[PDB]
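Q: The structure file structure32.pdb (PDB, C-alpha atoms) is provided below.
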```
ATOM      1  CA  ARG A  15     -27.842  42.862  17.181
ATOM      2  CA  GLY A  16     -31.581  43.219  17.633
ATOM      3  CA  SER A  17     -31.217  39.752  19.109
ATOM      4  CA  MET A  18     -33.205  38.279  21.953
ATOM      5  CA  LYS A  19     -33.084  34.625  22.990
ATOM      6  CA  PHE A  20     -34.868  32.240  25.352
ATOM      7  CA  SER A  21     -33.168  29.035  26.473
ATOM      8  CA  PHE A  22     -34.234  26.015  28.506
ATOM      9  CA  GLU A  23     -31.654  23.467  29.658
ATOM     10  CA  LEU A  24     -32.464  20.077  31.188
ATOM     11  CA  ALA A  25     -29.965  17.478  32.374
ATOM     12  CA  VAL A  26     -30.817  13.916  31.402
ATOM     13  CA  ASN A  27     -29.269  10.547  32.184
ATOM     14  CA  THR A  28     -28.447   9.153  28.726
ATOM     15  CA  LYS A  29     -26.074   9.137  25.746
ATOM     16  CA  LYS A  30     -25.687  11.933  23.219
ATOM     17  CA  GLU A  31     -25.965   9.381  20.382
ATOM     18  CA  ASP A  32     -29.332   8.267  21.666
ATOM     19  CA  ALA A  33     -30.502  11.878  21.965
ATOM     20  CA  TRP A  34     -29.255  12.397  18.433
ATOM     21  CA  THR A  35     -31.752   9.789  17.166
ATOM     22  CA  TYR A  36     -34.803  11.875  18.014
ATOM     23  CA  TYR A  37     -33.305  14.969  16.377
ATOM     24  CA  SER A  38     -31.894  13.554  13.159
ATOM     25  CA  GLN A  39     -34.993  11.454  12.398
ATOM     26  CA  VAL A  40     -37.678  13.956  11.432
ATOM     27  CA  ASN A  41     -40.316  11.182  11.528
ATOM     28  CA  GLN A  42     -39.724  10.892  15.291
ATOM     29  CA  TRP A  43     -40.329  14.555  16.106
ATOM     30  CA  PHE A  44     -43.837  13.544  17.069
ATOM     31  CA  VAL A  45     -42.542  12.012  20.296
ATOM     32  CA  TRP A  46     -41.211  15.390  21.486
ATOM     33  CA  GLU A  47     -42.712  18.154  19.312
ATOM     34  CA  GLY A  48     -45.986  18.928  21.059
ATOM     35  CA  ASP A  49     -48.838  19.364  18.586
ATOM     36  CA  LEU A  50     -46.826  18.182  15.578
ATOM     37  CA  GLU A  51     -49.288  17.161  12.874
ATOM     38  CA  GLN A  52     -47.138  16.513   9.824
ATOM     39  CA  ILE A  53     -43.408  16.747   9.059
ATOM     40  CA  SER A  54     -41.246  16.175   5.975
ATOM     41  CA  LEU A  55     -37.699  16.849   4.761
ATOM     42  CA  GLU A  56     -36.481  17.284   1.175
ATOM     43  CA  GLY A  57     -33.495  14.973   1.650
ATOM     44  CA  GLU A  58     -30.790  14.037   4.138
ATOM     45  CA  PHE A  59     -30.686  15.568   7.624
ATOM     46  CA  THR A  60     -27.785  17.932   6.943
ATOM     47  CA  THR A  61     -26.873  21.616   7.102
ATOM     48  CA  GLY A  62     -28.915  23.436   4.453
ATOM     49  CA  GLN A  63     -31.733  20.925   3.931
ATOM     50  CA  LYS A  64     -35.254  22.307   3.499
ATOM     51  CA  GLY A  65     -38.414  20.732   4.888
ATOM     52  CA  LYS A  66     -42.086  21.337   5.676
ATOM     53  CA  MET A  67     -43.747  21.142   9.091
ATOM     54  CA  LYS A  68     -47.292  21.632  10.404
ATOM     55  CA  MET A  69     -48.695  21.971  13.921
ATOM     56  CA  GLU A  70     -52.355  21.227  14.710
ATOM     57  CA  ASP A  71     -54.690  24.046  13.683
ATOM     58  CA  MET A  72     -51.876  26.004  12.041
ATOM     59  CA  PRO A  73     -50.673  26.632   8.468
ATOM     60  CA  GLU A  74     -47.787  24.411   7.371
ATOM     61  CA  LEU A  75     -44.433  26.166   7.510
ATOM     62  CA  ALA A  76     -41.246  25.861   5.485
ATOM     63  CA  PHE A  77     -38.019  25.519   7.453
ATOM     64  CA  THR A  78     -34.336  25.195   6.700
ATOM     65  CA  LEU A  79     -31.730  23.262   8.660
ATOM     66  CA  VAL A  80     -29.116  25.788   9.714
ATOM     67  CA  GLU A  81     -26.255  24.030  11.490
ATOM     68  CA  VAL A  82     -26.405  20.258  11.731
ATOM     69  CA  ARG A  83     -23.543  18.761  13.772
ATOM     70  CA  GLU A  84     -23.951  15.083  14.452
ATOM     71  CA  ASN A  85     -24.382  14.161  18.119
ATOM     72  CA  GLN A  86     -24.101  17.813  19.094
ATOM     73  CA  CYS A  87     -26.660  20.255  17.690
ATOM     74  CA  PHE A  88     -29.091  21.186  14.969
ATOM     75  CA  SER A  89     -30.898  24.429  14.260
ATOM     76  CA  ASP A  90     -33.875  25.287  12.114
ATOM     77  CA  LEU A  91     -34.920  28.591  10.592
ATOM     78  CA  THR A  92     -38.532  29.529   9.905
ATOM     79  CA  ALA A  93     -39.940  32.774   8.523
ATOM     80  CA  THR A  94     -42.544  34.517  10.677
ATOM     81  CA  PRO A  95     -44.329  37.878  10.875
ATOM     82  CA  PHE A  96     -41.356  38.954  13.015
ATOM     83  CA  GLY A  97     -38.738  37.784  10.569
ATOM     84  CA  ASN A  98     -36.677  34.651  10.803
ATOM     85  CA  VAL A  99     -37.040  32.612  13.987
ATOM     86  CA  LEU A 100     -34.005  30.430  14.729
ATOM     87  CA  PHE A 101     -34.691  27.328  16.776
ATOM     88  CA  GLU A 102     -31.700  25.639  18.416
ATOM     89  CA  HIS A 103     -31.241  22.208  19.938
ATOM     90  CA  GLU A 104     -28.006  21.361  21.707
ATOM     91  CA  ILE A 105     -26.695  18.237  23.356
ATOM     92  CA  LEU A 106     -24.178  19.188  26.033
ATOM     93  CA  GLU A 107     -21.995  16.816  27.992
ATOM     94  CA  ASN A 108     -21.809  17.311  31.750
ATOM     95  CA  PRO A 109     -18.799  16.308  33.930
ATOM     96  CA  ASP A 110     -20.992  13.983  36.036
ATOM     97  CA  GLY A 111     -21.693  11.774  33.024
ATOM     98  CA  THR A 112     -25.169  13.026  32.133
ATOM     99  CA  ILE A 113     -25.909  15.025  29.041
ATOM    100  CA  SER A 114     -27.899  18.221  29.038
ATOM    101  CA  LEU A 115     -30.443  19.142  26.376
ATOM    102  CA  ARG A 116     -30.665  22.867  25.641
ATOM    103  CA  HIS A 117     -33.430  24.191  23.375
ATOM    104  CA  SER A 118     -33.453  27.876  22.405
ATOM    105  CA  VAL A 119     -35.697  30.160  20.379
ATOM    106  CA  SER A 120     -34.539  33.546  19.144
ATOM    107  CA  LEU A 121     -35.665  36.355  16.830
ATOM    108  CA  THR A 122     -32.775  37.141  14.493
ATOM    109  CA  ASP A 123     -33.441  40.839  15.080
ATOM    110  CA  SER A 124     -35.950  43.541  16.049
ATOM    111  CA  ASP A 125     -35.822  46.721  18.105
ATOM    112  CA  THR A 126     -37.302  45.184  21.254
ATOM    113  CA  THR A 127     -40.903  45.278  20.068
ATOM    114  CA  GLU A 128     -43.483  44.769  22.807
ATOM    115  CA  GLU A 129     -45.046  42.260  20.407
ATOM    116  CA  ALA A 130     -41.723  40.717  19.395
ATOM    117  CA  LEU A 131     -40.934  39.614  22.937
ATOM    118  CA  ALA A 132     -44.524  38.498  23.439
ATOM    119  CA  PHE A 133     -44.098  36.468  20.265
ATOM    120  CA  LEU A 134     -40.985  34.624  21.453
ATOM    121  CA  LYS A 135     -42.580  33.957  24.845
ATOM    122  CA  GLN A 136     -45.448  32.142  23.145
ATOM    123  CA  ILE A 137     -43.210  29.999  20.949
ATOM    124  CA  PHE A 138     -40.993  29.290  23.935
ATOM    125  CA  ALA A 139     -43.906  28.403  26.219
ATOM    126  CA  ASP A 140     -44.105  24.814  24.988
ATOM    127  CA  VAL A 141     -40.331  24.250  24.978
ATOM    128  CA  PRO A 142     -39.799  23.041  28.593
ATOM    129  CA  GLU A 143     -42.496  20.344  28.158
ATOM    130  CA  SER A 144     -40.963  19.118  24.924
ATOM    131  CA  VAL A 145     -37.525  18.885  26.591
ATOM    132  CA  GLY A 146     -39.199  17.078  29.486
ATOM    133  CA  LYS A 147     -40.656  14.474  27.134
ATOM    134  CA  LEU A 148     -37.278  13.819  25.533
ATOM    135  CA  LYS A 149     -35.743  13.283  28.961
ATOM    136  CA  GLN A 150     -38.407  10.792  30.049
ATOM    137  CA  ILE A 151     -38.156   8.951  26.727
ATOM    138  CA  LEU A 152     -34.355   8.890  26.858
ATOM    139  CA  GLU A 153     -34.294   7.665  30.474
ATOM    140  CA  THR A 154     -36.452   4.673  29.638
TER     141      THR A 154
ATOM    142  CA  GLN B  12     -22.116  23.473  36.753
ATOM    143  CA  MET B  13     -25.196  21.624  35.523
ATOM    144  CA  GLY B  14     -25.598  17.893  36.206
ATOM    145  CA  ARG B  15     -28.188  15.243  37.172
ATOM    146  CA  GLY B  16     -31.485  16.833  38.246
ATOM    147  CA  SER B  17     -30.778  20.406  37.213
ATOM    148  CA  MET B  18     -32.950  22.698  35.069
ATOM    149  CA  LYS B  19     -32.233  26.209  33.888
ATOM    150  CA  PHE B  20     -34.021  29.079  32.118
ATOM    151  CA  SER B  21     -32.085  31.707  30.162
ATOM    152  CA  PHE B  22     -33.032  34.971  28.555
ATOM    153  CA  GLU B  23     -30.467  36.886  26.540
ATOM    154  CA  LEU B  24     -30.781  40.372  25.039
ATOM    155  CA  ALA B  25     -28.395  42.323  22.809
ATOM    156  CA  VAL B  26     -27.781  45.838  24.129
ATOM    157  CA  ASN B  27     -26.029  48.685  22.347
ATOM    158  CA  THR B  28     -23.718  49.570  25.243
ATOM    159  CA  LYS B  29     -20.399  48.929  26.976
ATOM    160  CA  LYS B  30     -19.644  46.310  29.647
ATOM    161  CA  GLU B  31     -18.415  48.725  32.312
ATOM    162  CA  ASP B  32     -21.706  50.649  32.231
ATOM    163  CA  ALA B  33     -23.799  47.498  32.514
ATOM    164  CA  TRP B  34     -21.607  46.325  35.374
ATOM    165  CA  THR B  35     -22.463  49.408  37.455
ATOM    166  CA  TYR B  36     -26.096  48.282  37.658
ATOM    167  CA  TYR B  37     -25.004  44.844  38.931
ATOM    168  CA  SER B  38     -22.182  45.630  41.326
ATOM    169  CA  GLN B  39     -24.128  48.391  43.119
ATOM    170  CA  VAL B  40     -26.853  46.647  45.092
ATOM    171  CA  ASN B  41     -28.751  49.918  45.579
ATOM    172  CA  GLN B  42     -29.212  50.169  41.787
ATOM    173  CA  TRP B  43     -31.172  46.887  41.567
ATOM    174  CA  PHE B  44     -34.293  49.001  42.016
ATOM    175  CA  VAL B  45     -33.907  50.164  38.433
ATOM    176  CA  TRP B  46     -34.156  46.604  37.058
ATOM    177  CA  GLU B  47     -35.787  44.510  39.810
ATOM    178  CA  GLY B  48     -39.451  45.480  39.385
ATOM    179  CA  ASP B  49     -40.892  44.161  42.640
ATOM    180  CA  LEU B  50     -37.876  45.135  44.771
ATOM    181  CA  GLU B  51     -38.631  46.727  48.156
ATOM    182  CA  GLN B  52     -35.436  46.376  50.191
ATOM    183  CA  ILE B  53     -31.889  45.305  49.460
ATOM    184  CA  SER B  54     -28.619  45.129  51.378
ATOM    185  CA  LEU B  55     -25.224  43.402  51.248
ATOM    186  CA  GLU B  56     -22.945  42.819  54.247
ATOM    187  CA  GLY B  57     -19.999  44.466  52.530
ATOM    188  CA  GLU B  58     -18.258  44.875  49.204
ATOM    189  CA  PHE B  59     -19.527  43.369  45.959
ATOM    190  CA  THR B  60     -17.176  40.388  46.033
ATOM    191  CA  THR B  61     -17.446  36.591  45.791
ATOM    192  CA  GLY B  62     -18.746  35.117  49.057
ATOM    193  CA  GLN B  63     -20.529  38.234  50.322
ATOM    194  CA  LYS B  64     -23.917  37.716  52.020
ATOM    195  CA  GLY B  65     -26.940  40.012  51.743
ATOM    196  CA  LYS B  66     -30.707  40.368  52.087
ATOM    197  CA  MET B  67     -33.570  41.572  49.949
ATOM    198  CA  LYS B  68     -37.324  41.813  50.089
ATOM    199  CA  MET B  69     -39.805  41.773  47.221
ATOM    200  CA  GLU B  70     -43.381  43.056  47.060
ATOM    201  CA  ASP B  71     -45.619  40.803  49.184
ATOM    202  CA  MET B  72     -42.793  38.446  50.145
ATOM    203  CA  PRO B  73     -40.657  37.948  53.272
ATOM    204  CA  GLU B  74     -37.059  39.118  53.368
ATOM    205  CA  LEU B  75     -34.647  36.592  51.868
ATOM    206  CA  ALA B  76     -31.001  35.808  52.564
ATOM    207  CA  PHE B  77     -28.691  35.393  49.570
ATOM    208  CA  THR B  78     -25.000  34.832  48.820
ATOM    209  CA  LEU B  79     -22.726  36.021  46.028
ATOM    210  CA  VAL B  80     -21.246  32.761  44.745
ATOM    211  CA  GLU B  81     -19.339  34.127  41.756
ATOM    212  CA  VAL B  82     -18.186  37.611  40.790
ATOM    213  CA  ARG B  83     -16.132  38.766  37.815
ATOM    214  CA  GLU B  84     -15.899  42.372  36.680
ATOM    215  CA  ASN B  85     -17.171  43.090  34.181
ATOM    216  CA  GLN B  86     -18.302  39.676  32.951
ATOM    217  CA  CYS B  87     -20.743  38.145  35.408
ATOM    218  CA  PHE B  88     -22.085  37.668  38.934
ATOM    219  CA  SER B  89     -24.241  34.963  40.493
ATOM    220  CA  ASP B  90     -26.210  34.613  43.725
ATOM    221  CA  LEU B  91     -27.753  31.719  45.611
ATOM    222  CA  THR B  92     -30.938  31.694  47.653
ATOM    223  CA  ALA B  93     -32.561  28.873  49.585
ATOM    224  CA  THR B  94     -36.107  27.906  48.628
ATOM    225  CA  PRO B  95     -38.610  25.035  49.185
ATOM    226  CA  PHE B  96     -36.954  23.315  46.193
ATOM    227  CA  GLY B  97     -33.354  23.561  47.285
ATOM    228  CA  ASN B  98     -31.066  26.358  46.241
ATOM    229  CA  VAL B  99     -31.898  28.546  43.273
ATOM    230  CA  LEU B 100     -28.933  30.039  41.444
ATOM    231  CA  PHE B 101     -29.394  33.338  39.631
ATOM    232  CA  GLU B 102     -26.849  34.106  36.947
ATOM    233  CA  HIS B 103     -26.117  37.427  35.292
ATOM    234  CA  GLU B 104     -23.771  37.476  32.326
ATOM    235  CA  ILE B 105     -22.357  40.280  30.218
ATOM    236  CA  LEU B 106     -21.134  38.999  26.855
ATOM    237  CA  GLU B 107     -19.261  41.094  24.268
ATOM    238  CA  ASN B 108     -20.665  40.656  20.766
ATOM    239  CA  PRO B 109     -18.588  40.628  17.512
ATOM    240  CA  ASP B 110     -20.422  43.739  16.260
ATOM    241  CA  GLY B 111     -19.313  45.715  19.332
ATOM    242  CA  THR B 112     -22.755  45.476  20.932
ATOM    243  CA  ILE B 113     -23.081  43.472  24.156
ATOM    244  CA  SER B 114     -25.527  40.857  25.377
ATOM    245  CA  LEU B 115     -27.022  40.476  28.821
ATOM    246  CA  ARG B 116     -28.064  36.949  29.780
ATOM    247  CA  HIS B 117     -29.993  36.266  32.979
ATOM    248  CA  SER B 118     -30.543  32.634  34.042
ATOM    249  CA  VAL B 119     -32.158  30.778  36.930
ATOM    250  CA  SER B 120     -31.574  27.155  37.823
ATOM    251  CA  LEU B 121     -32.279  24.560  40.484
ATOM    252  CA  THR B 122     -31.718  20.852  41.212
ATOM    253  CA  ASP B 123     -34.663  18.431  41.418
ATOM    254  CA  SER B 124     -33.650  14.761  41.141
ATOM    255  CA  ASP B 125     -37.313  13.985  40.466
ATOM    256  CA  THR B 126     -37.874  16.623  37.769
ATOM    257  CA  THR B 127     -41.391  17.231  39.142
ATOM    258  CA  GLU B 128     -43.934  19.709  37.832
ATOM    259  CA  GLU B 129     -43.752  21.475  41.177
ATOM    260  CA  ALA B 130     -40.075  22.261  40.739
ATOM    261  CA  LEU B 131     -40.589  23.160  37.072
ATOM    262  CA  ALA B 132     -43.550  25.440  37.731
ATOM    263  CA  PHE B 133     -41.663  27.034  40.623
ATOM    264  CA  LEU B 134     -38.648  27.828  38.465
ATOM    265  CA  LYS B 135     -40.904  29.029  35.649
ATOM    266  CA  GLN B 136     -42.582  31.422  38.049
ATOM    267  CA  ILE B 137     -39.273  33.015  39.121
ATOM    268  CA  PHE B 138     -38.155  33.289  35.492
ATOM    269  CA  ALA B 139     -41.450  34.863  34.408
ATOM    270  CA  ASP B 140     -40.549  38.533  34.845
ATOM    271  CA  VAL B 141     -36.854  38.065  34.041
ATOM    272  CA  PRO B 142     -37.250  39.108  30.395
ATOM    273  CA  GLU B 143     -38.819  42.466  31.410
ATOM    274  CA  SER B 144     -36.151  43.018  34.070
ATOM    275  CA  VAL B 145     -33.523  42.563  31.356
ATOM    276  CA  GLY B 146     -35.560  44.824  29.073
ATOM    277  CA  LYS B 147     -35.425  47.592  31.676
ATOM    278  CA  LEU B 148     -31.636  47.313  31.827
ATOM    279  CA  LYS B 149     -31.550  47.607  28.035
ATOM    280  CA  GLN B 150     -33.751  50.724  27.990
ATOM    281  CA  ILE B 151     -31.669  52.317  30.739
ATOM    282  CA  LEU B 152     -28.277  51.536  29.241
ATOM    283  CA  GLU B 153     -29.283  52.877  25.819
ATOM    284  CA  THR B 154     -29.756  56.596  26.415
TER     285      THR B 154
END
```
Spit out the file's structure as structure tokens when you get a sec.

A:
Amino acid sequence: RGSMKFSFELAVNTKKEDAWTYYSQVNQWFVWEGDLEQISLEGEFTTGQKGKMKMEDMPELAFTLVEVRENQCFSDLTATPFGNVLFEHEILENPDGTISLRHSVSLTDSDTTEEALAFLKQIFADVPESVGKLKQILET
Amino acid sequence: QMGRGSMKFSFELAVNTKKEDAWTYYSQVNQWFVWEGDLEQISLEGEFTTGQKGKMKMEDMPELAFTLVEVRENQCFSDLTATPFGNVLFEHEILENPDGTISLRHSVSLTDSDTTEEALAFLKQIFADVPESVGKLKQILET
């Protein structure tokens, strides 16, 4: 590969089905996507669906749903200067009864560019907060 | 190994290399200078095996005790250090990729029942130079 990937995992005290609600309902991404301005999806929340997303003070971006698995995970793919960025969201079950939420950002490929890595870091910088917000919302 | 209160940062990098070669930079404590950028001193009370204790000192920081909690050649090794936020666990994983290439994944985690900013910021700090550390291992292994 030319792969590089950042992950953040946070354990939360709730049910995977309840977590799934905030993922599979694009209109509720505002509660956890920091800076989300507008969001839309060209159909059902399923593997292969295309949508449009826009963060504050940024051009709106097309994305495609890569691997929707109900109650478990969904991924989205967006084109960037550095090629396709894959964003992953996983609900993991822990033995102690909690679930964990793991969000990951990766650059499909690139020969370890100094600016590639710096690019991922910036995208990934907001991720821990967003996962934090989910946890506090889910533990209500 | 995660559960209530835990948080964990991971960085993974694909490297065109073999697992045995990567493992030599993990299992030999004296090699950590190649990939630990602020490393000043490093020792281990014996052989690179699960349970072994050791010490290490980083630029501008006091010496620190640490334990090897899990070792598997040539897959992974993990160490535990005590901090003001409980124990921090550092993980180092070698993963064989389906295109022959391997991946190195370094992670750091701790347990904070409160999930405070203090604990978060503290973990984030430790994880901050982990991507470059892994990048050095990449550069070294690919020659």

Q: Quick check on the file I pasted: which residues fall under the PyMOL selection byres ((chain B and resi 39-55) around 12)? Write them as a ChimeraX atom specification.

A: /B:32-38,56-79,88,90,117,137,139-152

Q: If we count only C-alpha atoms, which residues of chain A reach to within 7 Å of chain B? Please list them as an NGL selection string.

A: :A and (15-27 or 108 or 110 or 112)

Q: Just the number, please: distance in Å from atom CA of residue 134 of chain B to atom CA of residue 121 of chain B, one decimal.

A: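 Here the two named atoms are 7.4 Å from each other.
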
Q: Give me, please, the distance in Å between atom CA of residue 34 of chain A and atom CA of residue 105 of chain A, quoted to one decimal.

A: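 For atom CA of residue 34 of chain A relative to atom CA of residue 105 of chain A, the distance reads 8.1 Å.
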
Q: Could you check how far atom CA of residue 100 of chain A sits from atom CA of residue 117 of chain A, in Å to one decimal?

A: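 These atoms are spaced 10.7 Å apart.
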
Q: Between A:59, A:121, A:52, A:42, single out the one closest to residue 94 of chain A, counting all atoms listed in the file.

A: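 Answer, going by the shortest atom-to-atom distance: A:121.
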
Q: Got a sec: who's within 9 Å of residue 133 of chain A, counting all atoms listed in the file, leaving out chain neighbours fewer than 5 positions off, as a tab-separated table (two decimals) with C-alpha atoms, keeping the file's coordinate frame?

A:
```tsv
chain	number	residue	atom	x	y	z
A	96	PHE	CA	-41.36	38.95	13.02
A	128	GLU	CA	-43.48	44.77	22.81
A	138	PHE	CA	-40.99	29.29	23.94
```

Q: I'd like to know which of A:61, A:32, A:120, A:146 is closest to residue 132 of chain A, using all atoms listed in the file.

A: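 Counting all atoms listed in the file, the residue closest to residue 132 of chain A is A:120.
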
Q: Excluding same-chain residues fewer than 6 positions from residue 64 of chain A, what lies within 8 Å of it counting only C-alpha atoms, as a list in words?

A: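 Returned residues: residues 55, 56, 57, 76, 77, 78 and 79 of chain A.
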
Q: Contacts of residue 144 of chain A at 8 Å or less, counting only C-alpha atoms, minus same-chain residues fewer than 6 places along, as a VMD selection string?

A: chain A and resid 46 to 48
